[PDB]
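Visitor: return a 3D structure for these sequence lines:
(6 chains, ligands or ions: 3)
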Amino acid sequence: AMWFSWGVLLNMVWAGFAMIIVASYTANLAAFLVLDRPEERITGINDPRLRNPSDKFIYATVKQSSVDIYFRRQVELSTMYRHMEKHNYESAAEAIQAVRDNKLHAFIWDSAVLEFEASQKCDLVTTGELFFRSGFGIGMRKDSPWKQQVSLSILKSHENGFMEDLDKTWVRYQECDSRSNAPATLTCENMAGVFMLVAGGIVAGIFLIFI
Amino acid sequence: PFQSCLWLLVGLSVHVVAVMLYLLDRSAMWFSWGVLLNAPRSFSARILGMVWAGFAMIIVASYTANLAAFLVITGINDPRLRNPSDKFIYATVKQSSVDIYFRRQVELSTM
Amino acid sequence: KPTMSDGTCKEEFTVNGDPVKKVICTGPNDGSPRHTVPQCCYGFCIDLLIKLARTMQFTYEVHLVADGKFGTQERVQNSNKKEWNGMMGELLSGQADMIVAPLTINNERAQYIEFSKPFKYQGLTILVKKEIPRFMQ
Amino acid sequence: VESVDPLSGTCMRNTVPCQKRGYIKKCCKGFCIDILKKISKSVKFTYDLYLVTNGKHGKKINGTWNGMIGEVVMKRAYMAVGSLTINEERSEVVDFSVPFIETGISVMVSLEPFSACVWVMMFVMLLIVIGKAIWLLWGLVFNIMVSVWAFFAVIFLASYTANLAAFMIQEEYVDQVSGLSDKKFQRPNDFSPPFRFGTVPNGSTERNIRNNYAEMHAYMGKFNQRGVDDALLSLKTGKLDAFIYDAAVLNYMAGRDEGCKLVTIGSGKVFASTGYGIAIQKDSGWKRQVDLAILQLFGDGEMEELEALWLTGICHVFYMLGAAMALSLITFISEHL
Amino acid sequence: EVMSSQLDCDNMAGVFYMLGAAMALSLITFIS
Amino acid sequence: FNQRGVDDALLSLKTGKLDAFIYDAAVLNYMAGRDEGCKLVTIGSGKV
Ligand SMILES: *[C@@H]1O[C@H](CO)[C@@H](O[C@@H]2O[C@H](CO)[C@@H](O[C@@H]3O[C@H](CO[C@H]4O[C@H](CO[C@H]5O[C@H](CO[C@H]6O[C@H](CO)[C@@H](O)[C@H](O)[C@@H]6O)[C@@H](O)[C@H](O)[C@@H]5O)[C@@H](O)[C@H](O)[C@@H]4O)[C@@H](O)[C@H](O)[C@@H]3O)[C@H](O)[C@H]2NC(C)=O)[C@H](O)[C@H]1NC(C)=O
Ligand SMILES: *[C@@H]1O[C@H](CO)[C@@H](O[C@@H]2O[C@H](CO)[C@@H](O[C@@H]3O[C@H](CO[C@H]4O[C@H](CO)[C@@H](O)[C@H](O)[C@@H]4O)[C@@H](O)[C@H](O)[C@@H]3O)[C@H](O)[C@H]2NC(C)=O)[C@H](O)[C@H]1NC(C)=O
Ligand SMILES: N[C@@H](CCC(=O)O)C(=O)O
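Guide: Numbering: from 1, shown residues only, chains lettered A, B, ... in the order given. Ligands and ions are numbered 1, 2, ... in the order given. Find the structure here:
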């Protein structure tokens, strides 16, 4: 009866309960892999942790920067500005290093930079939403013909694949990856533990149940 | 999924597997259909039978996974209401509180 | 990147075999004593500057910002005088002739200095540290 | 452009009046309309809006233009608002404002779970537990001390299914275009079924494609279609594979569609990065104030609101067996050794 | 809402109900 | 079983000294919406 039970379990009513236990095991193993942990992330600038910040969630930006100006000259961004104006860093590097060393909870900055830091570092991920769709330009002193020349040159640069190659050799040159598709493959650690347990039981069985 | 394409492909591959097994031996049908639906031993083609069992297990796993995959207005701020047309017709009760709500409001004119 | 022993940049190529160019850029070495030393600038804005120098034939002397910021206006120490600090602060003072850098095009800065067509249509997002990943029946 | 209100005889709602040529009255709304109203309320100037009756966006016939740009350079209209792509060509005769909407050229088309160590660990465990022993161990892996090894194998099956499902819920593969730097569009006659893709004539995308890749414009010379909606319907029908068109328009069209089958190429990348703008008279005095106005709209954040008001969207094995046959041929060579 | 299922340790849950029905069937098969 | 302080009661519920907590609807909804983690939740779909 032992060989029958252990044979049916490890592959009429007992076979039904065995098939049910196997199906339940497979279903639970699928549910504990296809899904994920409770959602905990920043949904953009409209996130409640930024609207009414505290000592728990500390976020800022680069001191004396475009973000600083953006948060400055606006009435509905008064609280956020008042909050950031006490944690701002002198450079972007120190801020990234801060949010990397778990000093900051968030860091407002350019997408062309933050999405680049998510390409050269898997521990740093950009937020959800995107605001202030501006752009980077060439600084020109007052009204100068060099402004028109440079602007025409940039227009001609975008006209072809110059900026495309400039992006493919600097921006698109990502070293890391994107975990948008979270369950990539099965962890080898679990299979290692299963192999350890199986080989252990097989060893103990070959040392006891053998003779 | 994949309709009768992958089905007839796996079927022709099964017939080719039985043909290759019969060519390696000199029964095969019972082995192929037996391994596929869950039987000569050895015959210098047992490895091909193991590979066929692997392909069968992969087929079963793929079928189960695909069977599990093919089984398992955003409010007032919906774009279908912000800029309506003759396709998305919506309204309310004439001379009601909703009517009053949408009436006296500058940003709720269009609706 | 810091210069070599004889003031030069290591000709490092790309993965495809592209010789990345570099230009000598004088700036600060590093609660912080003032010190001006030449360094090696290389990247997007540098290649773009090389392209602009290729199109419009003009010699250039690349240098870094005296401070660590970009360009924001601020009140003076006295008499309430609006003065810009940063790269724009150097551009208005004549210390610089052109700003080739991640310079956001906004309304406040445009009222003093002119901007060209956006060579990088970026935006403003948030950077957050990722969470914890890391036969058990 | 919506028709005027027949219940009054004039333009209704928050729409602005615009003529269309001997000209009839028509109401105008949308994104660039709100932008125009905002900058008219900022720069403070009265404006007479009207639809162009000579061409569309802007092209170059012989030596003169025949679009909105032509309407500007011929002193027939001071400014030009709407979907107008900025390039080096148009910016030569007229001027452009700071881009309020970023766009460009884009296209809109219609064993993995098991780790590499798992395959070696299974073969190593089968080697430890020969002759028929290997066949029994590998046979029990699929579908009395071996019983335990069966139990584990059962688990190994469960995971092999579970993970697979996960691997089916993770990866979202699609027939994405390999870009403009690919041979998939540079050589449509190379493959067996000729990829049918085209664009609109007299456009900025058509003027940029012919100046970046002659082959594209050469092949799309007969694959060109008139009308964006007609092109979309051609995509839905099956007479057209992909569509090369403006980025913003394609994004909105992908966001707002009768169904949800159409989608931009890739995650949302755009070749030839540019942006919409406002074409005004060359060497004018409004360029400065207009730029300051639009940038003020950027700083205020109203641009995001207007982008969420109008541009808002509602959408968005056997080969291994063949290798076993090669392994069977290698095993057939050892049998006759 | 992703975790592990243990089906608790109280009341009349699954499997045990099937074992009970099998016990009743066995009671009807042993008394026959 | 009366407890003083809403935060203390929530901390007691997170500790295990309190099974449930009967309190104002809005405060509990906000507290469940915004917390240190995502463990606390209102009874039912949102009945009051
Ligand atoms: C993108 O941009 C391109 C252009 O850049 C657009 O293409 C134009 O599209 C329009 C609309 O489809 C085309 O116009 C069509 O033409 C066809 C065929 O021609 C019709 O009209 C001609 C008239 O020309 C003849 O006659 C004149 C003069 O007539 C007589 O008297 C003259 C003086 O009194 C004398 O000088 C003449 O000698 C003559 O005796 C001649 O000058 C000319 O040589 C011709 O003989 C008729 O002859 C035809 O029978 C026919 O009716 C029409 O069928 C259509 O109705 C429409 O009018 C235009 O040709 C296109 N141009 C080009 C260059 O392609 C695209 O449409 C744009 N795309 C989008 C999406 O907007
Ligand atoms: C970053 O910038 C800093 C600038 O503030 C750099 O600091 C400087 O570093 C140098 C190198 O160590 C310091 O030492 C200098 O040495 C020279 C040489 O004279 C000596 O050697 C001769 C023999 O050759 C000997 O006969 C003399 O008696 C001296 O012993 C001196 O002339 C200088 O005065 C100086 O001592 C500098 O002191 C230091 N400058 C400052 C202002 O601190 C720093 O090196 C830079 N870092 C990098 C990585 O480049
Ligand atoms: N945006 C283009 C028209 C649309 C297109 O060519 O994709 C223009 O202004 O010329």
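Visitor: contacts only, for residue C:60.
Guide: C:23, C:49, C:53 (CB atoms under 8 Å, 6 or more residues apart in numbering or on different chains). C-beta: built from backbone N, CA, C; applies to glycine.
Visitor: ok, now with 10 Å
Guide: Going by CB atoms under 10 Å, 6 or more residues apart in numbering or on different chains, residue C:60 touches C:23, C:49-50, C:52-53, C:97-98, C:100.
Visitor: gap between residue D:68 and residue D:20?
Guide: 13 Å (CB to CB, to the nearest Å).
Visitor: oops, could you answer that again for residue B:66 instead?
Guide: 55 Å.
Visitor: same check on residue C:41?
Guide: In terms of CB to CB, residue C:41 sits 54 Å off from residue D:20.
Visitor: then residue A:9?
Guide: For residue A:9, the distance to residue D:20 - CB to CB - is 80 Å.
Visitor: ok, now residue A:13?
Guide: Distance, residue A:13 to residue D:20, by CB to CB: 81 Å.
Visitor: what does the longest helix seen in chain C rub up against?
Guide: Using DSSP state H to define each element, chain C has its longest helix at helix C:44-55. Defining contact as CB under 10 Å, 6+ apart, one finds that helix C:44-55 is touched by A:112, A:136, A:138, A:146, A:149-150, A:152-154, A:156-157, A:162-163, A:165-167, A:169-171, C:20-23, C:25, C:40-41, C:43, C:58-60, C:62, C:98-103, C:116, C:119-120.
Visitor: rewinding a little: more neighbours: residue D:68 and residue D:20, which one.
Guide: residue D:68 (26 against 14; other CB atoms under 10 Å in any protein chain shown).
Visitor: residue D:96 is in contact with that one, correct?
Guide: No - with contact defined as CB atoms under 10 Å, residue D:68 does not reach residue D:96; the gap is 11.9 Å.
Visitor: between those two, which contacts overlap?
Guide: Between them, residue D:68 and residue D:96 share these contacting residues under CB under 10 Å, 6+ apart: D:80, D:84, D:90, D:279.
Visitor: tell me the secondary structure for the residue most central in space within chain C?
Guide: In chain C, the centroid-proximal residue (CA atoms, centre = their mean) is residue C:101; its distance is 4.1 Å. Assigned by DSSP: H, G, I helix; E, B strand; the rest coil, the conformation of residue C:101 is coil.
Visitor: and the helix or strand hosting residue C:127, what other elements does it pack with?
Guide: Assigned by DSSP states H and E, residue C:127 belongs to strand C:124-129. Judged by 3 or more CB pairs under 10 Å, 6 or more residues apart in numbering or on different chains; DSSP states H and E, strand C:124-129 is in contact with strand A:59-60, helix A:66-72, helix A:92-100, strand A:106-110, helix A:111-117, strand A:124-126.
Visitor: the fourth one vs strand C:124-129, what angle?
Guide: Right, the one you point to is strand A:106-110. Compare the direction of strand A:106-110 with that of strand C:124-129 by axes from the mean of the first three to the mean of the last three CA atoms, to 10 degrees and you get 140 degrees.
Visitor: could you see whether chain D lies near strand A:106-110?
Guide: No - Strand A:106-110 stays clear of chain D (CB under 10 Å from any CB of the partner chain), getting no nearer than 13.7 Å.
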